[PDB]
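Please read the structure below before turning to the comments.
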Amino acid sequence: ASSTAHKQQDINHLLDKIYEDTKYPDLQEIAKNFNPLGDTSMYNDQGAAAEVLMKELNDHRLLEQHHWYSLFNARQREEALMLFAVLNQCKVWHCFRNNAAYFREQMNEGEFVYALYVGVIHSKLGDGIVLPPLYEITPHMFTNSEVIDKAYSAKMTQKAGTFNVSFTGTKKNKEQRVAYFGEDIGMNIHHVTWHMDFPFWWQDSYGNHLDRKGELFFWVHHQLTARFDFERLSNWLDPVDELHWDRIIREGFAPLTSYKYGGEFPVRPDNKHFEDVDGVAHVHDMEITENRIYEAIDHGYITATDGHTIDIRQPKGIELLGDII
Amino acid sequence: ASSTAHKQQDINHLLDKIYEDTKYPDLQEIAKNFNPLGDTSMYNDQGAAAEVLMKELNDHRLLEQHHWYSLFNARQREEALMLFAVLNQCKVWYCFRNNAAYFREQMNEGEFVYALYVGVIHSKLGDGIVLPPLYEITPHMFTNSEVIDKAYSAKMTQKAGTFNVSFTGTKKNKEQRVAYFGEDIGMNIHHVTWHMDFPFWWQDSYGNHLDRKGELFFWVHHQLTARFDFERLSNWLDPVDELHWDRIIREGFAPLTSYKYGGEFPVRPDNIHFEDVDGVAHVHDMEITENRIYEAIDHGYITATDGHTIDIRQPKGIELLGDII
Amino acid sequence: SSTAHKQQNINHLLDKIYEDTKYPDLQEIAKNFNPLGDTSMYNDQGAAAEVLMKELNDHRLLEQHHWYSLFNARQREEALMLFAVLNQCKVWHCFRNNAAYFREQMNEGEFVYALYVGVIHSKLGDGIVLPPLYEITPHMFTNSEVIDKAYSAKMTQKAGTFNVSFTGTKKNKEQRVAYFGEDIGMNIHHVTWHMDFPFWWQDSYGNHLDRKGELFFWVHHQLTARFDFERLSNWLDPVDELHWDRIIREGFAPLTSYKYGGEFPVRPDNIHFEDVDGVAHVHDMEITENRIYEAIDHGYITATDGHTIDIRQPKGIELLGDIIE
Ligand SMILES: *[C@@H]1O[C@H](CO)[C@@H](O)[C@H](O)[C@H]1NC(C)=O
Ligand SMILES: *[C@@H]1O[C@H](CO)[C@@H](O)[C@H](O)[C@H]1NC(C)=O
Ligand SMILES: [Cu+2]
Ligand SMILES: [Cu+2]
Ligand SMILES: [Cu+2]
Ligand SMILES: [Mg+2]
Ligand SMILES: [Mg+2]
Ligand SMILES: [Mg+2]
């Protein structure tokens, strides 16, 4: 029941054809009849997390299915983490499986996929499971619009096919020379999995501490940056400049990619100045935040909420900077 | 003589025809013969405020009559407050009336009117007095130049008349749609009187504490702003933008109003950037000040002159912020 | 070891500084003297001589016949290594012999600098009068036109005296006051003040420089006020202040050259500051400025561990000069 074979098959089934109601009769039956609140002894918190999520569901406060999802959207992230919190409290696999099946059919698919992945990664119940590659679970997030269009045409015409992916832009765009780095599907899996392993929303009340996370955050991104610059050097290009909030972003981008639901990803023109983003931040807020971080660095200490100093002139200083940055 | 009738009559006479020497023979006699330094027992401060003001007067250091006055001008405010301080120390009405009559004939009329108003408001001797509306005491400050010119013409020709005021700007100026809000003479009296009741120069050594003043400062201006935006919404306009020191002030203004002495009020063009103001501040100084206030808010404490923390994560915090802002 | 002999030694060492020494005694010393041969001549028993000799032997010192700038961190460090040796000499023969030895090994600009500050800050230098730098390194005080006539006079082996005119043209109103900043004595005053009160001074060199940070404020205040008096004398307005976010109105063409390194660069009129690679971003200057003003307006300087150093006291101005220079 909780053998590796059954848990793996359950996860495979839950992630199969994620944009449609489940086609597996056993999962259909669970989603119809299981009650996340029916027996709260299955949870290490006696049902607190399930109560939170069920109240949001019953009050019609959750993001609808067939809608874009972004982990950087505060409310959508909070909704995905409500499901993660339920899965994380499950004592045994049948709780994990049944809640996953129940909420798969109620919740936005992007939120669901995210919660199930981090639930598997951060629960002991997920030990031994191999998560399918996200580029086959949500291929729109890893595949350009031209190839997706060819897939839609194959499906409309009921014909199989294999379609070649090319890079975006043209040869006139020198940045295309290094598209094989940031568009590589495995490099993108590396990146999302690092953040799934070391999420910025992690709280140790979820079960365990993530050792040196803030320093690993610095290091993994330093390595992405240094590796990209090595590809630029390999292709007769100069190193990337750094962004600054008061200077133009020289290199624009046309993704030529689309969401499954939500439309095409937006383009950014060349040589644009940063503008304030309504509901996110003013450009000036970013500059102030940057200044405050540099104040801590140049002071040698981070300032606590009550004004006391937290020394960063020690080996953990870089980690604490990762935490606040 | 201390009856409400006589005190009101005295105030009416002191404020009558304020740009000319007093036409009331009894006030003339007082102004000629009263000695503010002649009986220290008149005052709760043993005569100190009277000595301070008389020294400035005798040293010819006071602003001349028939000259513009601005409460925001440090030296002119200091002079007005020297007269306030005398009135505020008078024990009995005859001291208050006689000092007011004496200094009416010695001091700038704008300073005098200001000091007499705040003196009445903040002295128990002022209880029961109704201050005349400032739009009839200094009508230039509430009446556009065209109507003042018609009044001057009526006086030149010795012919009574009533003249219609009809809002600044043209119909091509969408901001004129809501001119009835900020140009309403009563709204302007509301605003000046709030600041007279709750002056930024108040010190409790003047006799009493002004409860929650800094928070009331936030609230009265929040309500002015919210009420203006309701007029904009009523007139098919969007809400006002906020000012930014580094961004253009979109909407200029032509007051089409004049001082009695000092000339026409200055116009501001549309779409101008802030410039440094000689003798006042650099634009960058405003940005630094803003940054320091936001530092206190985001720290949760104000920093005292010796560096210690003043907690604002409490109900009085908004009041302390009003004090420093 | 008397003043006459010490003065002559210095005269000889500074003679024809761009060429190997022509004095047989100094050539013999440069050939045979070992700075490490008798450490009993140093107060540090040879520590400074060991540091400099290692740099020399590892071929890490700036070559001869190359421009030198005291503001270049590594070149300054090299000059100060020689200063450190001279400063450790107990007796004059150590000072003279090390000077002669390193004159032939080190860059001439570094050597002249080290020899001057060595004479000034060693008791062995008492009674010596340093030759004017405008005759030791005339390129740094003489426009390129006159140097060329000197070069021509030497190429043709004919004596001459050549008139120096001020830089610019009569169309350049700033030329009206060129006699101030271009005066060779005013230039010597300025270099010598900084030689007497160097920003690199550490009291481990042997003594404290009393009130240095306040004298730094004062000497430059007086240069600024004196320049403005010349502007007033020539129908010019006072100088504006620089700001990092505003154009530098007045450009400058020095029309002067290094002996080695080429012509001094020109600055066009009306330029915005640009970031300087290897030095600082313009934004870094603004942040540094802000931090200094934070200390001034707080009334205290913040120490490395966060504790406050009160500057509301007579030494505050000195501490400000310490942190501003
Ligand atoms: C002024 O207003 C009154 C009433 O609104 C009107 O009777 C009168 O004609 C007006 N005068 C002019 C000059 O418009
Ligand atoms: C140089 O100046 C001197 C005096 O200042 C003058 O006698 C001489 O004519 C000048 N020489 C030239 C070439 O102008
Ligand atoms: Cu990342
Ligand atoms: Cu107000
Ligand atoms: Cu200097
Ligand atoms: Mg008068
Ligand atoms: Mg200011
Ligand atoms: Mg070079």
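Each chain in the structure tokens gets a letter, A, B and so on, in the order shown; residues start at 1 in every chain, and ligands are counted from 1 in the order they appear.
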#### Entry: Test item: chain C residues at most 9 Å from chain A, counting only C-alpha atoms, as a PyMOL selection string
chain C and resi 287+302-306
### Message
Can you work out which residues are within 12 Å of ligand 1, considering only C-alpha atoms and all ligand atoms, and then hand them over as a ChimeraX atom specification?
### Response
/B:147,150,161-166
Spatial neighbours of residue C:75, 8 Å, only C-alpha atoms, chain gap at least 4 places, as a PDB file with N, CA, C and O atoms, in the first residue's frame:
ATOM      1  N   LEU C  62      57.069  49.203  -9.636  1.00  0.00           N
ATOM      2  CA  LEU C  62      56.860  49.978 -10.852  1.00  0.00           C
ATOM      3  C   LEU C  62      58.193  50.304 -11.520  1.00  0.00           C
ATOM      4  O   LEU C  62      59.170  50.665 -10.855  1.00  0.00           O
ATOM      5  N   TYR C  68      53.468  58.335 -12.179  1.00  0.00           N
ATOM      6  CA  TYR C  68      53.240  57.977 -10.789  1.00  0.00           C
ATOM      7  C   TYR C  68      52.101  58.840 -10.283  1.00  0.00           C
ATOM      8  O   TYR C  68      52.099  60.052 -10.521  1.00  0.00           O
ATOM      9  N   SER C  69      51.137  58.226  -9.599  1.00  0.00           N
ATOM     10  CA  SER C  69      50.088  58.973  -8.917  1.00  0.00           C
ATOM     11  C   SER C  69      49.976  58.494  -7.482  1.00  0.00           C
ATOM     12  O   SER C  69      49.787  57.299  -7.233  1.00  0.00           O
ATOM     13  N   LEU C  70      50.064  59.441  -6.548  1.00  0.00           N
ATOM     14  CA  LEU C  70      49.867  59.140  -5.136  1.00  0.00           C
ATOM     15  C   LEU C  70      48.487  58.552  -4.861  1.00  0.00           C
ATOM     16  O   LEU C  70      48.306  57.854  -3.854  1.00  0.00           O
ATOM     17  N   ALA C  79      55.818  53.556  -2.914  1.00  0.00           N
ATOM     18  CA  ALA C  79      56.508  54.735  -2.396  1.00  0.00           C
ATOM     19  C   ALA C  79      56.608  54.677  -0.878  1.00  0.00           C
ATOM     20  O   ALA C  79      57.659  54.990  -0.303  1.00  0.00           O
ATOM     21  N   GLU C 110      57.770  57.708  -7.500  1.00  0.00           N
ATOM     22  CA  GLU C 110      57.733  57.117  -6.165  1.00  0.00           C
ATOM     23  C   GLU C 110      58.917  57.571  -5.329  1.00  0.00           C
ATOM     24  O   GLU C 110      58.765  57.878  -4.136  1.00  0.00           O
TER      25      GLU C 110
END
### Residues of chain A within 9 Å of chain B, only C-alpha atoms counted, as a list in words
residues 288, 303, 304, 305, 306 and 307 of chain A
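Using only C-alpha atoms, the chain C residues found within 12 Å of chain B amount to residues 243, 244, 245, 246, 286, 287, 289, 290, 291, 293, 294, 295, 296, 297, 298, 299, 300, 301, 302, 306, 307, 308, 309, 310, 311 and 312 of chain C.
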Filtering to C-alpha atoms, could you give me those residues as an mmCIF file, in the first residue's frame?
data_model
loop_
_atom_site.group_PDB
_atom_site.id
_atom_site.type_symbol
_atom_site.label_atom_id
_atom_site.label_comp_id
_atom_site.auth_asym_id
_atom_site.auth_seq_id
_atom_site.Cartn_x
_atom_site.Cartn_y
_atom_site.Cartn_z
ATOM 1 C CA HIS C 243 26.953 67.217 -7.089
ATOM 2 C CA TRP C 244 27.163 63.621 -8.185
ATOM 3 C CA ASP C 245 23.822 63.756 -10.012
ATOM 4 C CA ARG C 246 24.382 67.075 -11.827
ATOM 5 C CA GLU C 286 26.231 59.420 -3.253
ATOM 6 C CA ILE C 287 25.903 56.647 -0.643
ATOM 7 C CA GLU C 289 28.028 61.281 1.084
ATOM 8 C CA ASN C 290 24.716 60.201 2.625
ATOM 9 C CA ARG C 291 26.476 58.193 5.335
ATOM 10 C CA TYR C 293 25.613 63.426 6.542
ATOM 11 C CA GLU C 294 23.873 60.739 8.611
ATOM 12 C CA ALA C 295 26.674 61.013 11.160
ATOM 13 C CA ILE C 296 26.493 64.809 11.139
ATOM 14 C CA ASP C 297 22.724 64.902 11.584
ATOM 15 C CA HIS C 298 22.743 62.092 14.183
ATOM 16 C CA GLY C 299 25.434 63.926 16.144
ATOM 17 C CA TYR C 300 27.586 60.803 16.265
ATOM 18 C CA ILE C 301 29.831 58.632 14.114
ATOM 19 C CA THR C 302 29.095 54.912 14.137
ATOM 20 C CA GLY C 306 27.969 49.860 16.063
ATOM 21 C CA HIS C 307 28.659 51.928 19.163
ATOM 22 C CA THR C 308 28.315 55.699 18.885
ATOM 23 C CA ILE C 309 31.147 58.262 18.944
ATOM 24 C CA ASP C 310 29.797 61.658 19.977
ATOM 25 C CA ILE C 311 30.727 64.503 17.610
ATOM 26 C CA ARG C 312 28.680 67.200 19.423
#
### Within 12 Å of residue B:290 using only C-alpha atoms, minus same-chain residues under 3 positions, as a list in words
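Surrounding residues, per the criterion: residues 284 and 288 of chain A; 244, 245, 283, 284, 285, 286, 287, 293, 294, 295, 296, 297, 321, 324 and 325 of chain B.
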Name each residue within 9 Å of ligand 2, counting only C-alpha atoms and all ligand atoms, as a PDB file with N, CA and C atoms, in the first residue's frame.
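Written out: out07.pdb:
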ATOM      1  N   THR C 161      65.283  81.386 -21.946  1.00  0.00           N
ATOM      2  CA  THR C 161      64.234  81.598 -20.957  1.00  0.00           C
ATOM      3  C   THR C 161      62.921  81.800 -21.701  1.00  0.00           C
ATOM      4  N   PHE C 162      61.910  81.007 -21.354  1.00  0.00           N
ATOM      5  CA  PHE C 162      60.680  80.926 -22.133  1.00  0.00           C
ATOM      6  C   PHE C 162      59.487  81.336 -21.290  1.00  0.00           C
ATOM      7  N   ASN C 163      58.622  82.159 -21.871  1.00  0.00           N
ATOM      8  CA  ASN C 163      57.480  82.699 -21.149  1.00  0.00           C
ATOM      9  C   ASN C 163      56.351  81.687 -21.092  1.00  0.00           C
ATOM     10  N   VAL C 164      55.798  81.509 -19.902  1.00  0.00           N
ATOM     11  CA  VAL C 164      54.651  80.646 -19.683  1.00  0.00           C
ATOM     12  C   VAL C 164      53.411  81.524 -19.644  1.00  0.00           C
TER      13      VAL C 164
END
### Task
Using only C-alpha atoms and all ligand atoms, determine which residues fall within 8 Å of ligand 4, then list them as a PyMOL selection string.
chain B and resi 191-192+194-195+217+220-221
### Message
If the limit is 7 Å from any atom of ligand 3, counting only C-alpha atoms and all ligand atoms, which residues qualify? Return them as an NGL selection string.
### Response
:A and (191 or 195 or 221)
Which residues are near ligand 5 in this structure, taking near to mean any atom at most 12 Å from a ligand atom and counting only C-alpha atoms and all ligand atoms? Format them as an mmCIF file with N, CA, C and O atoms, in the first residue's frame.
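Now in result.cif:
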data_model
loop_
_atom_site.group_PDB
_atom_site.id
_atom_site.type_symbol
_atom_site.label_atom_id
_atom_site.label_comp_id
_atom_site.auth_asym_id
_atom_site.auth_seq_id
_atom_site.Cartn_x
_atom_site.Cartn_y
_atom_site.Cartn_z
ATOM 1 N N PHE C 71 47.507 58.818 -5.727
ATOM 2 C CA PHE C 71 46.172 58.256 -5.552
ATOM 3 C C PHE C 71 46.058 56.835 -6.075
ATOM 4 O O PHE C 71 45.006 56.207 -5.894
ATOM 5 N N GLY C 181 45.040 78.999 -9.232
ATOM 6 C CA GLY C 181 45.316 77.575 -9.173
ATOM 7 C C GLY C 181 46.537 77.143 -9.956
ATOM 8 O O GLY C 181 47.076 76.064 -9.688
ATOM 9 N N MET C 186 51.425 78.295 -5.121
ATOM 10 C CA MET C 186 50.181 77.750 -4.593
ATOM 11 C C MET C 186 50.157 76.234 -4.742
ATOM 12 O O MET C 186 49.700 75.520 -3.837
ATOM 13 N N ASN C 187 50.688 75.721 -5.861
ATOM 14 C CA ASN C 187 50.796 74.273 -6.040
ATOM 15 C C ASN C 187 51.738 73.659 -5.011
ATOM 16 O O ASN C 187 51.441 72.594 -4.461
ATOM 17 N N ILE C 188 52.870 74.315 -4.719
ATOM 18 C CA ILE C 188 53.781 73.779 -3.707
ATOM 19 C C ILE C 188 53.144 73.825 -2.319
ATOM 20 O O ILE C 188 53.315 72.898 -1.515
ATOM 21 N N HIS C 189 52.428 74.910 -2.001
ATOM 22 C CA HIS C 189 51.687 74.962 -0.742
ATOM 23 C C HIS C 189 50.799 73.732 -0.604
ATOM 24 O O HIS C 189 50.796 73.048 0.429
ATOM 25 N N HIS C 190 50.061 73.422 -1.662
ATOM 26 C CA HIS C 190 49.108 72.326 -1.591
ATOM 27 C C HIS C 190 49.803 70.971 -1.450
ATOM 28 O O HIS C 190 49.445 70.173 -0.572
ATOM 29 N N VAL C 191 50.781 70.666 -2.309
ATOM 30 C CA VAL C 191 51.470 69.386 -2.173
ATOM 31 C C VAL C 191 52.147 69.290 -0.811
ATOM 32 O O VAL C 191 52.154 68.226 -0.186
ATOM 33 N N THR C 192 52.735 70.394 -0.335
ATOM 34 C CA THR C 192 53.481 70.303 0.914
ATOM 35 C C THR C 192 52.547 70.123 2.100
ATOM 36 O O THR C 192 52.871 69.378 3.029
ATOM 37 N N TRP C 193 51.382 70.775 2.088
ATOM 38 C CA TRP C 193 50.428 70.515 3.161
ATOM 39 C C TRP C 193 50.127 69.027 3.244
ATOM 40 O O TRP C 193 50.149 68.435 4.328
ATOM 41 N N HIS C 194 49.862 68.395 2.097
ATOM 42 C CA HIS C 194 49.550 66.970 2.144
ATOM 43 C C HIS C 194 50.767 66.122 2.491
ATOM 44 O O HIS C 194 50.610 65.032 3.049
ATOM 45 N N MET C 195 51.979 66.580 2.164
ATOM 46 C CA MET C 195 53.171 65.861 2.619
ATOM 47 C C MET C 195 53.340 65.983 4.126
ATOM 48 O O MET C 195 53.812 65.047 4.782
ATOM 49 N N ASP C 196 52.982 67.142 4.682
ATOM 50 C CA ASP C 196 53.064 67.351 6.128
ATOM 51 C C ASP C 196 51.976 66.582 6.858
ATOM 52 O O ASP C 196 52.194 66.109 7.982
ATOM 53 N N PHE C 197 50.804 66.455 6.237
ATOM 54 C CA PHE C 197 49.616 65.879 6.869
ATOM 55 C C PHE C 197 49.014 64.800 5.976
ATOM 56 O O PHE C 197 47.884 64.937 5.492
ATOM 57 N N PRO C 198 49.736 63.706 5.740
ATOM 58 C CA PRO C 198 49.285 62.742 4.723
ATOM 59 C C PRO C 198 48.137 61.870 5.203
ATOM 60 O O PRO C 198 48.082 61.446 6.362
ATOM 61 N N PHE C 199 47.212 61.591 4.285
ATOM 62 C CA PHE C 199 46.072 60.746 4.624
ATOM 63 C C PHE C 199 46.502 59.335 4.976
ATOM 64 O O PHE C 199 45.764 58.637 5.682
ATOM 65 N N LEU C 215 42.547 70.340 10.553
ATOM 66 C CA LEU C 215 43.380 71.127 9.654
ATOM 67 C C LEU C 215 43.090 70.784 8.198
ATOM 68 O O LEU C 215 43.205 71.650 7.322
ATOM 69 N N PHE C 216 42.726 69.526 7.925
ATOM 70 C CA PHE C 216 42.316 69.140 6.577
ATOM 71 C C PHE C 216 41.091 69.940 6.142
ATOM 72 O O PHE C 216 41.037 70.468 5.020
ATOM 73 N N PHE C 217 40.090 70.041 7.020
ATOM 74 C CA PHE C 217 38.939 70.893 6.730
ATOM 75 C C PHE C 217 39.390 72.326 6.478
ATOM 76 O O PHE C 217 39.021 72.947 5.471
ATOM 77 N N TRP C 218 40.222 72.852 7.377
ATOM 78 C CA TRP C 218 40.503 74.284 7.384
ATOM 79 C C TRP C 218 41.315 74.712 6.168
ATOM 80 O O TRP C 218 41.008 75.734 5.544
ATOM 81 N N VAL C 219 42.363 73.958 5.820
ATOM 82 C CA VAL C 219 43.240 74.388 4.731
ATOM 83 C C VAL C 219 42.468 74.410 3.420
ATOM 84 O O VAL C 219 42.663 75.300 2.580
ATOM 85 N N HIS C 220 41.551 73.453 3.242
ATOM 86 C CA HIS C 220 40.766 73.409 2.014
ATOM 87 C C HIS C 220 39.635 74.427 2.045
ATOM 88 O O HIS C 220 39.299 75.015 1.006
ATOM 89 N N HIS C 221 39.061 74.680 3.219
ATOM 90 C CA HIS C 221 38.124 75.794 3.326
ATOM 91 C C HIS C 221 38.784 77.093 2.890
ATOM 92 O O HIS C 221 38.185 77.896 2.162
ATOM 93 N N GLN C 222 40.036 77.297 3.297
ATOM 94 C CA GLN C 222 40.724 78.534 2.959
ATOM 95 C C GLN C 222 41.089 78.590 1.481
ATOM 96 O O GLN C 222 41.024 79.663 0.871
ATOM 97 N N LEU C 223 41.478 77.453 0.882
ATOM 98 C CA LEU C 223 41.684 77.439 -0.568
ATOM 99 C C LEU C 223 40.408 77.821 -1.304
ATOM 100 O O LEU C 223 40.443 78.610 -2.261
ATOM 101 N N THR C 224 39.273 77.253 -0.885
ATOM 102 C CA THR C 224 37.998 77.536 -1.537
ATOM 103 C C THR C 224 37.614 78.998 -1.362
ATOM 104 O O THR C 224 37.226 79.678 -2.321
ATOM 105 N N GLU C 325 38.149 62.547 4.520
ATOM 106 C CA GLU C 325 39.271 62.685 3.591
ATOM 107 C C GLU C 325 39.403 61.464 2.662
ATOM 108 O O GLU C 325 39.574 61.633 1.456
#
#### Entry: Contacts of stretch 35-42 of chain A at 12 Å (only C-alpha atoms; same-chain gap of 3+ positions) as a ChimeraX atom specification
/A:29-32,45-55,57,83,86-103
### Task
Compute the set of protein, DNA and RNA residues whose minimum atom distance to ligand 6 is at most 8 Å, using only C-alpha atoms and all ligand atoms, and state it as a ChimeraX atom specification.
/B:19-22,65,104-106
### Query
Between atom CA of residue B:15 and atom CA of residue B:97, what is the spacing in Å?
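Straight-line distance from atom CA of residue B:97 to atom CA of residue B:15 works out to 11.9 Å.
Straight-line separation from atom CA of residue A:244 to atom CA of residue A:265: 23.6 Å.
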Residues of stretch 240-316 of chain C in alpha helix (DSSP H), written as a PDB file with C-alpha atoms, in the first residue's frame:
ATOM      1  CA  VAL C 282      28.856  57.453  -9.120  1.00  0.00           C
ATOM      2  CA  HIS C 283      26.151  55.935  -6.913  1.00  0.00           C
ATOM      3  CA  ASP C 284      28.829  54.815  -4.433  1.00  0.00           C
ATOM      4  CA  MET C 285      29.836  58.459  -3.999  1.00  0.00           C
ATOM      5  CA  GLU C 286      26.231  59.420  -3.253  1.00  0.00           C
ATOM      6  CA  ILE C 287      25.903  56.647  -0.643  1.00  0.00           C
ATOM      7  CA  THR C 288      29.190  57.671   0.997  1.00  0.00           C
ATOM      8  CA  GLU C 289      28.028  61.281   1.084  1.00  0.00           C
ATOM      9  CA  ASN C 290      24.716  60.201   2.625  1.00  0.00           C
ATOM     10  CA  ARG C 291      26.476  58.193   5.335  1.00  0.00           C
ATOM     11  CA  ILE C 292      28.652  61.147   6.310  1.00  0.00           C
ATOM     12  CA  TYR C 293      25.613  63.426   6.542  1.00  0.00           C
ATOM     13  CA  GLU C 294      23.873  60.739   8.611  1.00  0.00           C
ATOM     14  CA  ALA C 295      26.674  61.013  11.160  1.00  0.00           C
ATOM     15  CA  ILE C 296      26.493  64.809  11.139  1.00  0.00           C
ATOM     16  CA  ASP C 297      22.724  64.902  11.584  1.00  0.00           C
ATOM     17  CA  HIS C 298      22.743  62.092  14.183  1.00  0.00           C
ATOM     18  CA  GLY C 316      33.796  66.346  16.257  1.00  0.00           C
TER      19      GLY C 316
END
### Query
Do you know which residues are within 10 Å of ligand 8 using only C-alpha atoms and all ligand atoms? Can you write them as a PyMOL selection string?
chain C and resi 62-63+66-67+261
### Query
Which residues, written as a count of residues only, have at least one atom at most 10 Å from residue C:82, with only C-alpha atoms counted and residues fewer than 5 positions away on the same chain left out?
18
### Task
Name all residues at most 9 Å from stretch 31-38 of chain B (count only C-alpha atoms; drop same-chain ones fewer than 5 positions away) and give them as a ChimeraX atom specification.
/B:26,47,50-51,54,86,95,98-106
